[PDB]
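Undergrad: Following this line is coords-v2.txt, made up of compact mmCIF, C-alpha atoms:
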```txt
# COMPACT_ATOMS: atom_id res chain seq x y z
CA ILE A 970 63.94 171.62 77.48
CA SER A 971 64.71 175.29 78.12
CA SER A 972 67.04 178.07 77.02
CA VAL A 973 67.74 179.62 80.46
CA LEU A 974 70.54 178.18 82.57
CA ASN A 975 69.09 179.11 85.94
CA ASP A 976 65.72 177.71 84.88
CA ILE A 977 67.43 174.41 84.04
CA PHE A 978 69.20 174.39 87.40
CA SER A 979 66.06 175.11 89.42
CA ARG A 980 63.80 172.68 87.60
CA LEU A 981 66.05 169.61 87.27
CA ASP A 982 68.27 167.34 89.37
CA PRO A 983 72.04 167.90 89.09
CA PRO A 984 72.87 165.12 86.56
CA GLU A 985 70.11 165.96 84.11
CA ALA A 986 70.79 169.67 84.59
CA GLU A 987 74.41 168.96 83.69
CA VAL A 988 73.25 167.23 80.51
CA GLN A 989 71.24 170.29 79.47
CA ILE A 990 74.09 172.63 80.37
CA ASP A 991 76.44 170.66 78.14
CA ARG A 992 73.91 170.71 75.32
CA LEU A 993 73.53 174.49 75.41
CA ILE A 994 77.24 175.11 75.86
CA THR A 995 78.16 172.96 72.86
CA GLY A 996 75.54 174.63 70.71
CA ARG A 997 76.72 178.12 71.58
CA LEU A 998 80.38 177.23 71.09
CA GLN A 999 79.72 175.78 67.66
CA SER A 1000 77.69 178.82 66.59
CA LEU A 1001 80.47 181.19 67.57
CA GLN A 1002 82.93 178.95 65.73
CA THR A 1003 80.95 179.30 62.51
CA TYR A 1004 80.99 183.07 62.91
CA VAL A 1005 84.77 183.13 63.24
CA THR A 1006 85.30 180.86 60.24
CA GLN A 1007 83.19 182.97 57.90
CA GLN A 1008 84.89 186.13 59.10
CA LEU A 1009 88.33 184.67 58.46
CA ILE A 1010 87.33 183.75 54.94
CA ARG A 1011 86.00 187.26 54.23
CA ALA A 1012 89.14 188.97 55.51
CA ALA A 1013 91.16 187.25 52.78
CA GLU A 1014 89.25 188.80 49.91
CA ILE A 1015 89.34 192.18 51.62
CA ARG A 1016 93.10 191.85 51.77
CA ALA A 1017 93.35 190.89 48.11
CA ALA B 394 80.32 153.27 105.59
CA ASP B 395 77.21 154.69 107.26
CA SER B 396 74.17 153.01 108.78
CA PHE B 397 70.79 154.11 110.15
CA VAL B 398 67.07 153.31 109.94
CA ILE B 399 64.38 155.39 108.21
CA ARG B 400 60.59 155.23 108.12
CA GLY B 401 60.39 153.49 104.80
CA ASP B 402 59.03 155.58 101.94
CA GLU B 403 61.92 158.03 102.21
CA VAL B 404 64.31 155.45 100.77
CA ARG B 405 64.14 157.14 97.39
CA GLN B 406 64.96 160.47 99.01
CA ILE B 407 68.47 159.37 100.06
CA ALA B 408 69.83 159.75 96.52
CA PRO B 409 72.09 162.69 95.56
CA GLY B 410 70.40 165.89 94.51
CA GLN B 411 67.03 165.24 96.12
CA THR B 412 65.04 167.21 98.66
CA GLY B 413 62.63 166.57 101.49
CA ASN B 414 62.49 166.58 105.26
CA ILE B 415 64.90 163.73 106.02
CA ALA B 416 67.48 164.36 103.30
CA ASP B 417 67.20 168.09 104.00
CA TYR B 418 67.49 168.10 107.76
CA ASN B 419 69.37 164.99 108.95
CA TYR B 420 71.48 163.40 106.19
CA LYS B 421 72.65 165.06 102.98
CA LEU B 422 74.67 163.71 100.09
CA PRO B 423 77.19 165.60 97.94
CA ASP B 424 76.42 166.37 94.33
CA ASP B 425 79.35 164.31 93.00
CA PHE B 426 79.12 161.07 94.96
CA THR B 427 80.56 157.72 93.89
CA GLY B 428 79.77 155.15 96.58
CA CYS B 429 76.90 152.66 96.51
CA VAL B 430 73.63 152.72 98.48
CA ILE B 431 71.93 149.67 100.02
CA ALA B 432 68.67 149.04 101.88
CA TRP B 433 66.45 146.24 103.12
CA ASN B 434 63.37 145.67 105.27
CA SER B 435 63.59 145.16 109.03
CA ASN B 436 59.91 145.00 110.03
CA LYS B 437 60.03 141.60 111.72
CA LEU B 438 63.26 142.40 113.56
CA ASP B 439 62.48 146.01 114.46
CA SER B 440 58.76 146.80 114.86
CA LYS B 441 57.04 145.85 118.10
```
Output the structure of this file as C-alpha cells.
TA:
Amino acid sequence: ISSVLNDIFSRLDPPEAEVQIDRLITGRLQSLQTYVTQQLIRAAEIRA
Amino acid sequence: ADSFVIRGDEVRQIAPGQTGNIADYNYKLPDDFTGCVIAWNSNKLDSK
C-alpha cells in the first residue's frame, strides 16, 4: 500500500504491517542482489 | 486464564493490536499472542 515503513506501522495493525514490511524487505533485497550479480559479471571482462 | 465482564460492543477491541478506552486503559494484549479468546452473553444472568 505504501513505500514508507513508519507510514505502514502507523496506519495498519501489527500483523498486516508485518506483511507489508516483509514485502518491501524482500523487494529491496532482491534488487540489491541483481546489482551485485551484474557487477560480478562485469568484473570478469575487466580482468580479462 | 483470565475472566471479566465488559459492556458489550467492546468485544472486538480485546484483540491484539487494537486501541480504544478499555483495551488502552484496563486490559492490554501483547503483539505476539497465541492463546484463544472466548465470549458469550450474560444479560439474563447479570442485568437487573
Undergrad: Can you list every residue of chain B that has an atom at most 10 Å from chain A, with its nearest atom pair and the distance in Å to one decimal, using only C-alpha atoms, ordered by chain then number, as a tab-separated table?
TA:
```
residue	atom	partner	partner_atom	distance
B:409	CA	A:983	CA	8.3
B:410	CA	A:982	CA	5.7
B:411	CA	A:982	CA	7.2
B:412	CA	A:982	CA	9.8
B:424	CA	A:983	CA	7.0
B:425	CA	A:983	CA	9.0
```
Undergrad: What is the distance, in Å and to one decimal place, between CA of residue 427 in chain B and CA of residue 980 in chain A?
TA: 23.3 Å
Undergrad: If you count only C-alpha atoms, which residues fall within 10 Å of range 396-400 of chain B, apart from same-chain ones fewer than 5 positions away, as a list in words?
TA: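 What passes the distance filter is residues 407, 415, 431, 432, 433, 434, 435 and 439 of chain B.
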Undergrad: To one decimal in Å, tell me the separation between CA of residue 404 in chain B and CA of residue 430 in chain B.
TA: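 Distance between the two atoms: 10.0 Å.
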Undergrad: What is the distance, in Å and to one decimal place, between CA of residue 436 in chain B and CA of residue 401 in chain B?
TA: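 Interatomic distance here is 10.0 Å.
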Undergrad: Just the residues within 12 Å of residue 970 in chain A, please, counting only C-alpha atoms, with nothing from its chain fewer than 3 positions along; format it as a list in words.
TA: residues 973, 974, 976, 977, 978, 980, 981, 985, 986, 988, 989, 990, 992 and 993 of chain A
